[PDB]
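Presented below is the structure to which this report refers.
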Amino acid sequence: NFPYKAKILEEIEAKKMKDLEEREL
Amino acid sequence: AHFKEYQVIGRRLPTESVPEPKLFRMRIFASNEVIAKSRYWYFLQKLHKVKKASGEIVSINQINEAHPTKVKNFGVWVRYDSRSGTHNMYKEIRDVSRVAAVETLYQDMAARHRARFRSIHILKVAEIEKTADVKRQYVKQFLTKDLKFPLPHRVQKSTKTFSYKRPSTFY
Amino acid sequence: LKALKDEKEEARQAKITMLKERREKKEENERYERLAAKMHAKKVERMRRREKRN
Amino acid sequence: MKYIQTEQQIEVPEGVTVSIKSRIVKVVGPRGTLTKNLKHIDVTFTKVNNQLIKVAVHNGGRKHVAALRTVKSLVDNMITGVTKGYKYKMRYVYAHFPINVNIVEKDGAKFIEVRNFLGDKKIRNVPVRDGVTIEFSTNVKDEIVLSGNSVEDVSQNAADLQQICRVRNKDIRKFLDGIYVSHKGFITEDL
Amino acid sequence: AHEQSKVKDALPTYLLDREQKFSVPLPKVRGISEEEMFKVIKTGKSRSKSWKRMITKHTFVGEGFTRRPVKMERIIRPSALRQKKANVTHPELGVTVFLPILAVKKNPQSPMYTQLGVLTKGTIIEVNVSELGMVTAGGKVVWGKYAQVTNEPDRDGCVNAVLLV
Amino acid sequence: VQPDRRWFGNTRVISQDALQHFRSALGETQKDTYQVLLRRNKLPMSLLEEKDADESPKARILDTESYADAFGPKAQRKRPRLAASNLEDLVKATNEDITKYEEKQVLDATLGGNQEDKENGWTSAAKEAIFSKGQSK
Amino acid sequence: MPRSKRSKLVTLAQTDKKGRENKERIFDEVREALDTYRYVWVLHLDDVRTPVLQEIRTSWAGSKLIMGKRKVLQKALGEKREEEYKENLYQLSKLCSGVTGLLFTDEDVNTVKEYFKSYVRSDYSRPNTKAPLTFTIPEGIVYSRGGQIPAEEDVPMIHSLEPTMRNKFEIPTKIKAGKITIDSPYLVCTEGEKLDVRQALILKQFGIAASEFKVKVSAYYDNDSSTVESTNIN
RNA sequence: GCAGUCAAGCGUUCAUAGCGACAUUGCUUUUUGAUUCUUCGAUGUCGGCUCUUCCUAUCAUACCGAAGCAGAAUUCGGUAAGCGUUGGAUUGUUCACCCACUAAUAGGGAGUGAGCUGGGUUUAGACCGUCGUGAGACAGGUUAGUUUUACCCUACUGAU
RNA sequence: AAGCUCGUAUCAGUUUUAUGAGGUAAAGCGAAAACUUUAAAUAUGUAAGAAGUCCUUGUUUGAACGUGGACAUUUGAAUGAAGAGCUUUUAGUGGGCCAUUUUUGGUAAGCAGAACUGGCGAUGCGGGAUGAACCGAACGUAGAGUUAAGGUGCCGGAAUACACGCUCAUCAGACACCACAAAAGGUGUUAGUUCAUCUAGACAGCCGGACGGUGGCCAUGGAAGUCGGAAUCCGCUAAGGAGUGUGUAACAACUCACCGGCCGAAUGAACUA
């Protein structure tokens, strides 16, 4: 029910896009 | 009490071979600066294993409203851990400032849900810019073009303890 | 959401296979080895040939 | 959920007029006149033009809103009460004792009289309410015809007449007798 | 049941189409005080001599009991509180059989009450098992088992007891 | 209560052939008007029961046709059980049922007077209380 | 509503509601068949015996008939000039209004227009339409046919179905021993008169269906001509 | 009751780790209304006359509701405490029962140990039984056996 | 209570610091949770200097003891403090209640046993309508001023103050409460939360359809979807059960279920407070 909701999903991505890369190299 | 909004930054204490940790920052609604820092370390335990003695505040600042005159339409996430396990709640408040909105919410939550000030997490308060993104009914109520409505049954507060007129609502 | 939700779930669910089967191997790999400690090792490795049969 | 303002619309045909001070309504048209008090209900009326009237409730809840809808229905019934009128047709089935039914004028009070209900000796009388007419149906047997402008002054006066011939302390499956509402209608016929 | 219909051991032939560590299940029963379970019966015209005790709880008696001389008696096990046939269940096989009682071996909460035959909760009794027909290896069928009681037979008239298997 | 291997024991175990020795032995227990039992010798007496009964009591009729099938609104029951055989047989077997009925009307009329006082409309006196004694709690 | 709400009558049946996918089945099948055949007819047929449609679907098993919702077939064919599966088509999708009633065929144009101009059947009076028959029910005992026979042939009407006549058919009755008694000759309609819903059902109850039915169709598409032809037959 | 069974939920996440509402099975004497006459230790005192008042958890009377309720009679139920609610027999006892009248013989409470008493506080007398060597005590049982206010304060009814 | 025997820098219902132990599991991560290091608070001990140390190098290389000499107060953490012991003597009082904290054992339910600290007694005062244990509160005599706890419609001193929401009770509530009846019931309301449906037009109502095989089999006086017994399928379909009910002696007819038209825009369900 929340309007600005789809923005939050990519913000989950962009932190985890780093976290797959940062823990290795 | 009439709250304030606080940017609070902490950095838990640099040790030997660990200088400069990553400067964590939250937006805290509270009355004064003392409660905010008290509220601050509280979240920092739930998020991960830092504790109050282990670290320090970098800095604290009060956030004014960028437009304290413009009527805004606010979307609010609240989750709270009652009566069994928690659950989110999304209510919409048409209001003036950020700190104005949270006040009525704490008035609202203490009205219905017997919700303590400790009981409540304010996850995120978002301004809805565009109309027809506002989803609740009663907030949509006040948005129609050229809104007019009466006041019915206008009482008048008497000052002294007597009157001579059989006073009537005015009208 | 649901696509992103299940791969967040299936990596958990794939570990329930992989991590528990790592243990249930090593739990039995200590079982006969604990049984090998008392009885003579010619008999136990004989019995290891019995278990690999079926 | 605190509705700010609601409205209904009362549609008014040509031959009738209404006259509304504070919450008192007079309805005038062809077949007669009708009045009704509404001081207990807290509404607000507004003529737009001569055939339509908006009613209103400002800043109310459900119980207040649910009162608003039923006001609309009442006024309509008064409107039809002067145009088309109301007609209740009733029949009085007896098995063995022929139920004598008459109108008497007991000191100007116009009593409908039931004699010989079910072989009784007690003679029952229902006072005709004001402004409802009662006639005995010619040319179709055993029927009685009630008619007036009000809904309620007919229907209650209809219902009182069939509550008065209730069969007491018997099995109701074997004994059928009584007066029954046969048919609900209009005094026009056709429209 | 409507929606289940929306979707869609091994007895022999003569038996189908027909119907139905060494620890006891109850250690640690609550204790019973010696000040209770004895209503002190005052005697004499001036009832002031008391010296007699009545066992207030249910009781296996024996068989050849025949109440002793009254001037000789001190302890009382009255007739109504004398149970001879227990209602005995079985853990497996799901049958409760009303069996007669043979003896009382182990009662807790005294060594006395074993000799007294006092049926409290937790007592181990001896039961005629003639009807069940347990067979030993040897074919010498057993008509006696230890069953421990379950209920508090003060608080209901029947004795309910589980066969130790 | 301690745990133990006994209690989980076998206690009162029979020997096998002594049963047939005892099933024999119920016949020859000749009584004496000069002797009295003193001890009983506890035996699993129900195993030593079952004399040669020769009647085999009735089959449970509720098993086949219960109640609702037998009579009522449901009543899945049309012809009688066992629906007796022949007409002249049926003529016959009722004719003594005629007679045997009125025989007890002749016979019990000797026993009454117990109907005449009803038509006379009078009843007998109460039982005197002293005939009760005793017969007391 | 938080409370005081209307509740629903739960029930136990077999068939569940079909839902969107059945509408998607139709939406494909027509557009599958649009380039299949040549000649398309758009039948306006309102009230039918379901066995008559059984007869019309076996009137030839060569061609396909489609029935379903109007707004389906608008979306199936195409409503705007742009949105259309094939061309010139929003001309005739504009032309279907009532209970339609679509037809594919590959037959002869004269044969098709001959066929339904020939075909006509009996039907019930079907209200808001006038039906030329007037019935005064005779003044004594009713009969199950309703006096369209020698009355010696017929059984009286069932005493069980009396109060429907007494309440819903509005007609005054009574039962002396269970043969339903009325008293006067009671007309239900007059001829050349538009029937009422209470008027029609009595004839439907008596089973007196002396009203003709024929399908009508106005328009006609041709694939290879890409043309809309219209012809009101009735 | 005791032992299961089923499972809407619950469970730190949750079925499978456990609880678990609702249901449900275990026998609790025979399937043929025949009996069935089974009474098995109340260690604690009340009963009862006269008279008042309350409770409703209602027997009758009032009104209704439901029933194969044809009537007649009756059952079950709702409102309801306005007014009703007895005579006796029986102590080898009645922690009661029977038989009769009646609309019906409803259940209780504050009881009425200073209003009066019968049994029982209960003392000395005596007998029998039981026990004790005995004085005596009692598993009992039997009989005979004195507390005697009012004029005071208040309440209460009448009275100046 | 009487004393001289101290008016010294000595002590403390306290922390800090180091050293302890319960590692409670929370790091975490290792070698394939199975580490063995290590990270907190929860309450607890021990220690924190002047007789203090070294050196001299003997006794009985170490160690356990010694001769002798050197090292002053930033003299060896914080913080508070002249009241530590003596010798004498000697009044009363030794059985008891309540609460909290752990801890062990418990059951219809109450609990029981320990250990610890409070309060009570011997103690008024303000508040809790009134009260051994509840809240506040350092008892000479008065004056002023300010508060505690608790209050501020009227008894009654103090705002019929302000502010937002919620609630109507045929014995509401104003509190003992984070307990007992208590687990639920309710077409009372309020706010949510999740699932579904929808201009390829929902929801609600009218209108029409709701069929062929086929009166599917036995079953029986009759059982045509609708006393029962079991099967339960294909055709045709927009959709139509070998049938939801009503009904008939059987049929009929009606119903719903599912479609379809008409209508035009939101709605259902189940939860949680």
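Ordering of the structure tokens sets the chain letters (A, B, ...); residue numbers start at 1 within each chain; ligands are numbered from 1 in the order shown.
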Item to check | Selection: 12 Å around segment 63-78 of chain I, only C-alpha atoms (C1' of nucleotides), excl. self and same-chain fewer than 6 positions, as a VMD selection string | outcome: chain I and resid 14 to 18 48 to 50 52 to 57
Checklist entry - So which residues touch segment 146-160 of chain E within 6 Å, counting only C-alpha atoms (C1' of nucleotides), skipping near sequence neighbours fewer than 2 positions away, as a list in words? => result residues 57, 86, 87, 88, 121, 122, 123, 124, 125, 126, 162, 163 and 164 of chain E; 7 of chain F; 2 of chain H
Could you save those same residues with C-alpha atoms (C1' of nucleotides) as a PDB file, in the first residue's frame?
```pdb
ATOM      1  CA  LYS E  57      -8.760 -43.665  51.430  1.00  0.00           C
ATOM      2  CA  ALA E  86      -9.901 -52.591  39.175  1.00  0.00           C
ATOM      3  CA  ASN E  87     -10.482 -50.999  35.821  1.00  0.00           C
ATOM      4  CA  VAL E  88      -7.234 -51.861  34.084  1.00  0.00           C
ATOM      5  CA  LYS E 121      -1.999 -42.727  43.329  1.00  0.00           C
ATOM      6  CA  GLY E 122       1.228 -44.398  42.292  1.00  0.00           C
ATOM      7  CA  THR E 123       0.772 -47.715  44.075  1.00  0.00           C
ATOM      8  CA  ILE E 124       1.993 -50.887  42.357  1.00  0.00           C
ATOM      9  CA  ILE E 125      -0.613 -53.639  42.623  1.00  0.00           C
ATOM     10  CA  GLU E 126      -0.979 -57.218  41.472  1.00  0.00           C
ATOM     11  CA  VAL E 162      -1.705 -49.238  33.704  1.00  0.00           C
ATOM     12  CA  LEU E 163      -0.145 -52.623  33.142  1.00  0.00           C
ATOM     13  CA  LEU E 164       3.583 -52.475  33.335  1.00  0.00           C
TER      14      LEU E 164
ATOM     15  CA  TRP F   7       7.649 -54.702  37.590  1.00  0.00           C
TER      16      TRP F   7
ATOM     17  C1'   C H   2      -7.721 -43.122  33.128  1.00  0.00           C
TER      18        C H   2
END
```
Next on the checklist: Between F:111, F:43, F:130, F:68, which residue has the minimum interatomic distance to residue 91 of chain H, considering only C-alpha atoms (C1' of nucleotides)?
Outcome noted: F:130
Using DSSP secondary structure from the backbone, list all helix (DSSP H, G or I) positions within segment 22-159 of chain E, as a compact mmCIF listing (two decimals) with N, CA, C and O atoms, in the first residue's frame.
```txt
# COMPACT_ATOMS: atom_id res chain seq x y z
N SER E 79 -16.20 -50.52 54.99
CA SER E 79 -16.63 -51.45 53.95
C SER E 79 -16.76 -50.78 52.61
O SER E 79 -16.48 -51.40 51.58
N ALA E 80 -17.17 -49.52 52.60
CA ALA E 80 -17.43 -48.85 51.34
C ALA E 80 -16.16 -48.58 50.58
O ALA E 80 -16.15 -48.58 49.35
N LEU E 81 -15.06 -48.40 51.29
CA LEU E 81 -13.81 -48.06 50.65
C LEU E 81 -12.99 -49.33 50.44
O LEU E 81 -11.81 -49.42 50.78
N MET E 112 4.46 -48.94 55.50
CA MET E 112 3.30 -49.45 56.21
C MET E 112 2.19 -49.82 55.25
O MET E 112 1.59 -50.89 55.35
N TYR E 113 1.91 -48.94 54.31
CA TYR E 113 0.65 -48.99 53.60
C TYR E 113 0.63 -50.13 52.62
O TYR E 113 -0.45 -50.58 52.22
N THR E 114 1.81 -50.60 52.23
CA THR E 114 1.96 -51.89 51.58
C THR E 114 1.32 -52.99 52.42
O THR E 114 0.49 -53.75 51.93
N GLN E 115 1.70 -53.07 53.70
CA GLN E 115 1.00 -53.98 54.59
C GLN E 115 -0.44 -53.58 54.81
O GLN E 115 -1.28 -54.43 55.09
N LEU E 116 -0.74 -52.30 54.71
CA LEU E 116 -2.11 -51.90 54.96
C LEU E 116 -2.97 -51.99 53.72
O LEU E 116 -4.20 -52.01 53.85
```
Excluding residue 109 of chain D and its own-chain neighbours fewer than 6 positions away, which residues fall within 12 Å of it when counting only C-alpha atoms (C1' of nucleotides)? Please give them as a JSON list (two decimals) with N, CA, C and O atoms, in the first residue's frame.
```
[["chain", "number", "residue", "atom", "x", "y", "z"],
["D", 103, "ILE", "N", -68.81, -2.40, 9.17],
["D", 103, "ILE", "CA", -68.38, -1.11, 9.69],
["D", 103, "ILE", "C", -69.52, -0.55, 10.50],
["D", 103, "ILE", "O", -70.65, -0.46, 10.02],
["D", 125, "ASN", "N", -63.61, -4.90, 17.71],
["D", 125, "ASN", "CA", -63.69, -3.67, 16.95],
["D", 125, "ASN", "C", -62.30, -3.07, 16.82],
["D", 125, "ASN", "O", -61.57, -2.96, 17.81],
["D", 126, "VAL", "N", -61.95, -2.68, 15.61],
["D", 126, "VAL", "CA", -60.70, -1.99, 15.35],
["D", 126, "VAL", "C", -61.05, -0.55, 14.98],
["D", 126, "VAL", "O", -61.89, -0.33, 14.11],
["D", 127, "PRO", "N", -60.47, 0.44, 15.64],
["D", 127, "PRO", "CA", -60.73, 1.83, 15.27],
["D", 127, "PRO", "C", -60.05, 2.15, 13.96],
["D", 127, "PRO", "O", -58.84, 1.93, 13.79],
["D", 128, "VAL", "N", -60.83, 2.62, 13.00],
["D", 128, "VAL", "CA", -60.26, 3.10, 11.76],
["D", 128, "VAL", "C", -59.42, 4.33, 12.04],
["D", 128, "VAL", "O", -59.89, 5.29, 12.66],
["D", 129, "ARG", "N", -58.16, 4.29, 11.62],
["D", 129, "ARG", "CA", -57.28, 5.43, 11.77],
["D", 129, "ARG", "C", -57.69, 6.55, 10.82],
["D", 129, "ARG", "O", -58.57, 6.41, 9.97],
["D", 130, "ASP", "N", -57.05, 7.69, 10.99],
["D", 130, "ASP", "CA", -57.51, 8.88, 10.31],
["D", 130, "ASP", "C", -57.07, 8.89, 8.86],
["D", 130, "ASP", "O", -55.91, 8.60, 8.54]]
```
Can you check which residues of chain H have any atom within 12 Å of chain D? Use only C-alpha atoms (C1' of nucleotides) and format it as a PDB file with N, CA, C and O atoms (P, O5', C5', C4', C3', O3' and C1' of nucleotides), in the first residue's frame.
```
ATOM      1  P     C H  63     -53.529 -16.268  30.442  1.00  0.00           P
ATOM      2  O5'   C H  63     -52.530 -15.536  29.457  1.00  0.00           O
ATOM      3  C5'   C H  63     -52.554 -14.129  29.335  1.00  0.00           C
ATOM      4  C4'   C H  63     -51.236 -13.636  28.829  1.00  0.00           C
ATOM      5  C3'   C H  63     -50.781 -14.327  27.579  1.00  0.00           C
ATOM      6  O3'   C H  63     -51.420 -13.794  26.451  1.00  0.00           O
ATOM      7  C1'   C H  63     -48.975 -14.132  29.087  1.00  0.00           C
ATOM      8  P     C H  64     -51.605 -14.710  25.169  1.00  0.00           P
ATOM      9  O5'   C H  64     -50.205 -14.600  24.460  1.00  0.00           O
ATOM     10  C5'   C H  64     -49.625 -15.734  23.876  1.00  0.00           C
ATOM     11  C4'   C H  64     -48.143 -15.597  23.878  1.00  0.00           C
ATOM     12  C3'   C H  64     -47.421 -16.700  23.159  1.00  0.00           C
ATOM     13  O3'   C H  64     -47.395 -16.485  21.769  1.00  0.00           O
ATOM     14  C1'   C H  64     -46.421 -16.337  25.256  1.00  0.00           C
ATOM     15  P     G H  65     -47.758 -17.682  20.777  1.00  0.00           P
ATOM     16  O5'   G H  65     -46.346 -18.342  20.504  1.00  0.00           O
ATOM     17  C5'   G H  65     -45.226 -17.510  20.307  1.00  0.00           C
ATOM     18  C4'   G H  65     -43.948 -18.250  20.549  1.00  0.00           C
ATOM     19  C3'   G H  65     -43.901 -19.664  20.040  1.00  0.00           C
ATOM     20  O3'   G H  65     -43.752 -19.746  18.649  1.00  0.00           O
ATOM     21  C1'   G H  65     -42.950 -19.582  22.170  1.00  0.00           C
ATOM     22  P     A H  66     -44.701 -20.746  17.853  1.00  0.00           P
ATOM     23  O5'   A H  66     -43.913 -22.120  17.919  1.00  0.00           O
ATOM     24  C5'   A H  66     -42.549 -22.161  17.550  1.00  0.00           C
ATOM     25  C4'   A H  66     -41.829 -23.292  18.229  1.00  0.00           C
ATOM     26  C3'   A H  66     -42.325 -24.680  17.898  1.00  0.00           C
ATOM     27  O3'   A H  66     -41.769 -25.151  16.695  1.00  0.00           O
ATOM     28  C1'   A H  66     -42.004 -24.472  20.228  1.00  0.00           C
ATOM     29  P     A H  67     -42.721 -25.701  15.541  1.00  0.00           P
ATOM     30  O5'   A H  67     -42.349 -27.236  15.454  1.00  0.00           O
ATOM     31  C5'   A H  67     -43.348 -28.217  15.633  1.00  0.00           C
ATOM     32  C4'   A H  67     -42.980 -29.157  16.740  1.00  0.00           C
ATOM     33  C3'   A H  67     -43.864 -30.370  16.882  1.00  0.00           C
ATOM     34  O3'   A H  67     -43.483 -31.393  15.984  1.00  0.00           O
ATOM     35  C1'   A H  67     -43.449 -29.410  19.006  1.00  0.00           C
ATOM     36  P     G H  68     -44.248 -31.596  14.592  1.00  0.00           P
ATOM     37  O5'   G H  68     -44.669 -33.121  14.622  1.00  0.00           O
ATOM     38  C5'   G H  68     -44.747 -33.804  15.862  1.00  0.00           C
ATOM     39  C4'   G H  68     -46.152 -33.806  16.381  1.00  0.00           C
ATOM     40  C3'   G H  68     -46.519 -35.047  17.160  1.00  0.00           C
ATOM     41  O3'   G H  68     -47.485 -34.723  18.142  1.00  0.00           O
ATOM     42  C1'   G H  68     -47.710 -34.979  15.093  1.00  0.00           C
ATOM     43  P     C H  69     -47.005 -34.439  19.642  1.00  0.00           P
ATOM     44  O5'   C H  69     -48.035 -33.348  20.145  1.00  0.00           O
ATOM     45  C5'   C H  69     -49.334 -33.360  19.605  1.00  0.00           C
ATOM     46  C4'   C H  69     -50.069 -32.071  19.810  1.00  0.00           C
ATOM     47  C3'   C H  69     -50.903 -31.628  18.632  1.00  0.00           C
ATOM     48  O3'   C H  69     -52.135 -32.300  18.581  1.00  0.00           O
ATOM     49  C1'   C H  69     -49.705 -29.795  19.484  1.00  0.00           C
ATOM     50  P     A H  70     -52.279 -33.602  17.673  1.00  0.00           P
ATOM     51  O5'   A H  70     -53.507 -33.272  16.743  1.00  0.00           O
ATOM     52  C5'   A H  70     -53.488 -32.107  15.957  1.00  0.00           C
ATOM     53  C4'   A H  70     -54.882 -31.637  15.723  1.00  0.00           C
ATOM     54  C3'   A H  70     -55.626 -31.155  16.945  1.00  0.00           C
ATOM     55  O3'   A H  70     -55.242 -29.829  17.325  1.00  0.00           O
ATOM     56  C1'   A H  70     -56.959 -32.677  15.775  1.00  0.00           C
ATOM     57  P     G H  71     -56.178 -28.731  18.071  1.00  0.00           P
ATOM     58  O5'   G H  71     -56.050 -28.981  19.635  1.00  0.00           O
ATOM     59  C5'   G H  71     -56.648 -30.068  20.302  1.00  0.00           C
ATOM     60  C4'   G H  71     -58.142 -30.122  20.134  1.00  0.00           C
ATOM     61  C3'   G H  71     -58.911 -30.320  21.424  1.00  0.00           C
ATOM     62  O3'   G H  71     -59.326 -29.095  21.983  1.00  0.00           O
ATOM     63  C1'   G H  71     -59.398 -32.084  19.960  1.00  0.00           C
ATOM     64  P     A H  72     -58.573 -28.501  23.262  1.00  0.00           P
ATOM     65  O5'   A H  72     -58.727 -29.639  24.343  1.00  0.00           O
ATOM     66  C5'   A H  72     -59.974 -29.838  24.969  1.00  0.00           C
ATOM     67  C4'   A H  72     -59.957 -31.105  25.752  1.00  0.00           C
ATOM     68  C3'   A H  72     -58.798 -31.242  26.710  1.00  0.00           C
ATOM     69  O3'   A H  72     -59.014 -30.586  27.932  1.00  0.00           O
ATOM     70  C1'   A H  72     -58.940 -33.174  25.421  1.00  0.00           C
TER      71        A H  72
END
```
Would you kindly return, as a PDB file with N, CA and C atoms, in the first residue's frame, each protein, DNA or RNA residue with an atom no farther than 8 Å from any atom of segment 67-76 of chain B, considering only C-alpha atoms (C1' of nucleotides) and excluding same-chain residues fewer than 2 positions away?
```
ATOM      1  N   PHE A   2       1.988   1.182  -0.058  1.00  0.00           N
ATOM      2  CA  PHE A   2       2.938   2.258   0.071  1.00  0.00           C
ATOM      3  C   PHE A   2       3.390   2.726  -1.302  1.00  0.00           C
ATOM      4  N   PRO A   3       3.359   4.015  -1.549  1.00  0.00           N
ATOM      5  CA  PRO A   3       3.592   4.513  -2.905  1.00  0.00           C
ATOM      6  C   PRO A   3       5.022   4.396  -3.392  1.00  0.00           C
TER       7      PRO A   3
ATOM      8  N   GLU B  65      12.469  22.025   8.867  1.00  0.00           N
ATOM      9  CA  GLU B  65      11.663  21.727   7.701  1.00  0.00           C
ATOM     10  C   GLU B  65      12.098  22.613   6.548  1.00  0.00           C
ATOM     11  N   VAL B  78       5.101   2.209  10.031  1.00  0.00           N
ATOM     12  CA  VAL B  78       5.303   1.890  11.434  1.00  0.00           C
ATOM     13  C   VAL B  78       5.154   0.394  11.608  1.00  0.00           C
ATOM     14  N   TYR B  90       0.716   1.018   7.749  1.00  0.00           N
ATOM     15  CA  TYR B  90       0.906   2.177   6.896  1.00  0.00           C
ATOM     16  C   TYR B  90      -0.304   3.079   6.967  1.00  0.00           C
ATOM     17  N   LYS B  91      -0.141   4.230   7.596  1.00  0.00           N
ATOM     18  CA  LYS B  91      -1.194   5.223   7.668  1.00  0.00           C
ATOM     19  C   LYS B  91      -0.694   6.515   7.060  1.00  0.00           C
ATOM     20  N   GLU B  92      -1.625   7.286   6.516  1.00  0.00           N
ATOM     21  CA  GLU B  92      -1.314   8.495   5.775  1.00  0.00           C
ATOM     22  C   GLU B  92      -1.838   9.703   6.524  1.00  0.00           C
ATOM     23  N   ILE B  93      -0.983  10.697   6.705  1.00  0.00           N
ATOM     24  CA  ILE B  93      -1.359  11.907   7.408  1.00  0.00           C
ATOM     25  C   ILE B  93      -1.079  13.096   6.514  1.00  0.00           C
ATOM     26  N   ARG B  94      -2.127  13.827   6.173  1.00  0.00           N
ATOM     27  CA  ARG B  94      -2.009  15.112   5.505  1.00  0.00           C
ATOM     28  C   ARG B  94      -1.614  16.156   6.535  1.00  0.00           C
ATOM     29  N   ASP B  95      -0.433  16.750   6.382  1.00  0.00           N
ATOM     30  CA  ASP B  95       0.047  17.619   7.445  1.00  0.00           C
ATOM     31  C   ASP B  95       1.056  18.619   6.894  1.00  0.00           C
ATOM     32  N   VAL B  96       1.641  19.393   7.804  1.00  0.00           N
ATOM     33  CA  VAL B  96       2.419  20.563   7.429  1.00  0.00           C
ATOM     34  C   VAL B  96       3.899  20.244   7.380  1.00  0.00           C
ATOM     35  N   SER B  97       4.449  19.710   8.458  1.00  0.00           N
ATOM     36  CA  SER B  97       5.858  19.367   8.486  1.00  0.00           C
ATOM     37  C   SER B  97       6.031  17.917   8.886  1.00  0.00           C
ATOM     38  N   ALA B 101       3.775  15.637  11.770  1.00  0.00           N
ATOM     39  CA  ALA B 101       3.025  14.435  11.438  1.00  0.00           C
ATOM     40  C   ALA B 101       3.175  13.386  12.511  1.00  0.00           C
ATOM     41  N   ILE B 122       9.512   4.105  14.034  1.00  0.00           N
ATOM     42  CA  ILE B 122       9.220   4.869  12.834  1.00  0.00           C
ATOM     43  C   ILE B 122      10.203   4.434  11.770  1.00  0.00           C
ATOM     44  N   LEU B 123       9.738   3.632  10.821  1.00  0.00           N
ATOM     45  CA  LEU B 123      10.658   3.139   9.811  1.00  0.00           C
ATOM     46  C   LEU B 123      11.014   4.245   8.843  1.00  0.00           C
ATOM     47  N   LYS B 124      10.012   4.799   8.182  1.00  0.00           N
ATOM     48  CA  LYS B 124      10.289   5.825   7.200  1.00  0.00           C
ATOM     49  C   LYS B 124       9.065   6.685   6.996  1.00  0.00           C
ATOM     50  N   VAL B 125       9.260   7.986   6.968  1.00  0.00           N
ATOM     51  CA  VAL B 125       8.188   8.922   6.684  1.00  0.00           C
ATOM     52  C   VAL B 125       8.457   9.572   5.345  1.00  0.00           C
ATOM     53  N   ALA B 126       7.579   9.308   4.390  1.00  0.00           N
ATOM     54  CA  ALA B 126       7.809   9.723   3.021  1.00  0.00           C
ATOM     55  C   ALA B 126       6.762  10.742   2.636  1.00  0.00           C
ATOM     56  N   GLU B 127       7.190  11.779   1.940  1.00  0.00           N
ATOM     57  CA  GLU B 127       6.235  12.691   1.349  1.00  0.00           C
ATOM     58  C   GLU B 127       5.728  12.139   0.032  1.00  0.00           C
ATOM     59  N   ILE B 128       4.417  12.094  -0.119  1.00  0.00           N
ATOM     60  CA  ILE B 128       3.808  11.806  -1.404  1.00  0.00           C
ATOM     61  C   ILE B 128       3.664  13.120  -2.134  1.00  0.00           C
ATOM     62  N   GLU B 129       4.371  13.267  -3.240  1.00  0.00           N
ATOM     63  CA  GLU B 129       4.203  14.483  -4.012  1.00  0.00           C
ATOM     64  C   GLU B 129       2.932  14.399  -4.829  1.00  0.00           C
ATOM     65  N   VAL B 134      -1.915   8.999  -3.306  1.00  0.00           N
ATOM     66  CA  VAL B 134      -2.431   8.936  -1.949  1.00  0.00           C
ATOM     67  C   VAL B 134      -3.533   7.891  -1.916  1.00  0.00           C
TER      68      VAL B 134
END
```
Item to check | DSSP-assigned strand (DSSP E) members of chain E, reported as a PyMOL selection string | outcome: chain E and resi 38-41+52-55+75-76+85-89+96-106+124-128+144-149+160-163
Checklist entry - Counting only C-alpha atoms (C1' of nucleotides), which of I:136, I:245, I:165, I:13 gets nearest to chain B? => result I:165
Within 8 Å of chain F, which residues of chain H show up? Give each one with its shortest atom-to-atom distance in Å (one decimal) and the two atoms involved, counting only C-alpha atoms (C1' of nucleotides), rows by chain then rising residue number, as JSON lines.
```
{"residue": "H:31", "atom": "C1'", "partner": "F:60", "partner_atom": "CA", "distance": 7.1}
{"residue": "H:39", "atom": "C1'", "partner": "F:137", "partner_atom": "CA", "distance": 5.2}
{"residue": "H:90", "atom": "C1'", "partner": "F:129", "partner_atom": "CA", "distance": 5.9}
{"residue": "H:92", "atom": "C1'", "partner": "F:133", "partner_atom": "CA", "distance": 7.2}
{"residue": "H:99", "atom": "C1'", "partner": "F:126", "partner_atom": "CA", "distance": 6.5}
```
